[PDB]
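Next come the chains, spelled out residue by residue.
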Amino acid sequence: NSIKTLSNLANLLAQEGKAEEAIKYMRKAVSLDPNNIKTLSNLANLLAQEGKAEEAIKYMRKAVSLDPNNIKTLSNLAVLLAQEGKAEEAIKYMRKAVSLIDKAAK
Amino acid sequence: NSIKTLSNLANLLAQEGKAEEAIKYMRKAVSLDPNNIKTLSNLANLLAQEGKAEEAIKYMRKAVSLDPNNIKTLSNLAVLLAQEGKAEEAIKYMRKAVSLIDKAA
Amino acid sequence: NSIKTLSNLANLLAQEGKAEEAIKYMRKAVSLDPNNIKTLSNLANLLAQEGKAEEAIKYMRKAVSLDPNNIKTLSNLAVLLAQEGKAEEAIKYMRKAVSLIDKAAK
């Protein structure tokens, strides 16, 4: 009945091994607001948890696109890309994160 | 109860934004096995979520120390450090992760 | 007609044989101790796996009403409801369970 409740429900479903249903509900949560970076990150984390790494990368990329100066999102995307063997992209986003950290340092 | 079930309870709480109690459950889970990097990382992130940045960095440093060449762990530590304004450290570990990715390539 | 007998038999039937007969003897086991939440739980699980969702939900609701402070029972009920399409009810019972988990800490 709300984004948060559908997300938590999806999480509970995932814990009990109900992968398909979990993804279904998490996708509903995203559908209520497709531009919510938090929900997108949650869905990407669920998809990655269920071995669907490419979709996870897709939604992480969208989350990045919505706010590209987000060090955390960049790092997560980079880790996912690295795990899947996409070295150049991973190093790219990690270097972006480094650049932002540098900006904060100065 | 087991480490897995404790972690599940803790995550159910963490998803609700209830970091304070979730940290209690995760502390139990970590107590059952102090060298589990998964549980250590989860506890660290929960502590950062609650607002205990330095202690989070501590547990993350332990997680790193147990398996120093792990890209995910390194990146996570880098993020936690960057959140606390410790730029040089963060960039250092991030660069370490980068070099590992490059080595794998 | 002991509970050990009935459960041994039901398990023997479900493990390799008819799910229906196993359900029969699980019903017998439940009738033996209607306040036994483990028997109700097993019955609900078997009924669910056989495709009898509403019935599973019935016995799980019964189990819940038998011990309202049981986290596992509430979680499983919420799972069955969410799987059945009842998102509001499921979210309600998840909320009860989570409230219990939280209270058990603080």
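Residues numbered from 1 in each chain as written, not as in the entry; some residues may be left out. Chains lettered and ligands numbered in written order. Heavy atoms only, no water. Residues with missing side-chain atoms left out of burial classes, pairs and counts.

S.K.: Mind showing me how you'd approach the overall build of chain A here?
M.R.: Of regular secondary structure, chain A possesses six helices and zero strands. Listing the helices and strands of chain A from first to last along the sequence gives α-α-α-α-α-α. Its C-alpha atoms put chain A at 45 × 30 × 20 Å along the principal axes. At a minimum sequence separation of 6, the contacts of chain A that also span at least 24 residues come to 39%. (Helix = DSSP H or I, 4+ residues; strand = E, 2+ residues; numbered from the N terminus. Contact = heavy atoms within 4.5 Å.)

S.K.: Explain the overall build of chain B here, please?
M.R.: Of the regular secondary structure elements, chain B holds six helices and zero strands. Of the regular secondary structure in chain B, the N- to C-terminal order runs α-α-α-α-α-α. Against the compact-globule benchmark of 13 Å for 105 residues, chain B has a radius of gyration of 14 Å, which places it among compact chains. With the principal axes as the frame, chain B shows a C-alpha extent of 40 × 25 × 20 Å. For chain B, contacts bridging at least 24 residues in sequence account for 42% of all contacts bridging at least 6. (Rg over C-alpha atoms; globule rule 2.2 N^0.38 Å.)

S.K.: What is the right way to look at the interface of chain C and chain A in this model?
M.R.: A common way to express how large an interface is: the accessible area buried when the components associate. Listed as interface residues are 11 residues of chain C and, on the opposing side, 11 residues of chain A. Taking both partners together, chain C and chain A bury about 960 Å²; carbon and sulfur atoms supply 71% of that area. Its largest share of buried area at the contact with chain A, chain C owes to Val79, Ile91 and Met94 of chain C, together 50% of the area lost on that side. Applying the counting rule to chain C against chain A returns zero salt bridges. Counting across the interface, chain C meets chain A through three residue pairs in polar contact. Among the elements of the structure, α5 (71-84) and α6 (87-105) of chain C are those that each provide at least two residues to the side of chain C that touches chain A. (Buried area = accessible area lost by both parts, 1.4 Å probe. Salt bridge = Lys/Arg side-chain N within 4 Å of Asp/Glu carboxyl O. Polar contact = N/O pair within 3.5 Å; in protein donor to acceptor, adjacent residues only side chain to side chain.)

S.K.: Honestly, the environment of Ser75 of chain A in this entry has me stumped. Any pointers?
M.R.: Tracing the sequence through the fold places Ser75 of chain A in helix α5 (residues 71-83). Relative accessible area serves as the criterion here: at 2%, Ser75 of chain A is assigned to the buried category. For the pair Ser75 of chain A and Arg95 of chain A, spaced 20 residues apart in sequence, the C-alpha separation works out to 9.5 Å. Discounting chain neighbours no more than four positions away, the residues touching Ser75 of chain A are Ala97 of chain A together with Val79 and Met94 of chain B. (Buried < 20%, exposed > 50% of the residue type's maximum accessible area, 1.4 Å probe, protein only.)

S.K.: What should I look at first to understand the interface of chain B and chain A in this one?
M.R.: In this complex, chain B contributes 21 residues to the contact, which on the side of chain A involves 19 residues. Counting only elements with at least two residues in the side of chain B that touches chain A, the list comes to α1 (3-15), α5 (71-83) and α6 (87-104) of chain B. Element by element, the count of residues in the side of chain B that touches chain A is highest for α6 of chain B, at nine residues. Residues of the side of chain B that touches chain A, tallied by class, amount to 12 nonpolar, five polar and four charged. (Nonpolar A, V, L, I, M, F, W, Y, C, P; charged D, E, K, R; others polar.)

S.K.: Just checking my understanding: could you explain the environment of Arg27 of chain B for this structure?
M.R.: Residue and element names in this part refer to chain B. Looking at the secondary structure, you find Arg27 in helix α2 (residues 19-32). Taking relative accessible area as the criterion, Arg27 reaches 32% and is therefore assigned partly exposed. Between the C-alpha atom of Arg27 and that of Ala87, which follows or precedes it by 60 residues, the distance is 28 Å.

S.K.: Can you walk me through the packing of aromatic side chains in this structure?
M.R.: Given two aromatic rings, their pairing is described by the distance between the two centres and the angle made by the two planes. One pass over the structure, following the stated rule, counts zero aromatic pairs over all chains. Above the plane of the ring of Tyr25 of chain A lies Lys28 of chain A, whose end atom (NZ or CZ) is 5.9 Å from the centre. The cationic tip of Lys92 of chain B hangs over the ring face of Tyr93 of chain B; the distance from NZ or CZ to the ring centre is 3.6 Å. (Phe/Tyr/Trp six-rings, centres within 6.5 Å; stacked < 30°, edge-to-face > 60°. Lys NZ or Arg CZ within 6 Å of the ring centre and 35° of its normal.)

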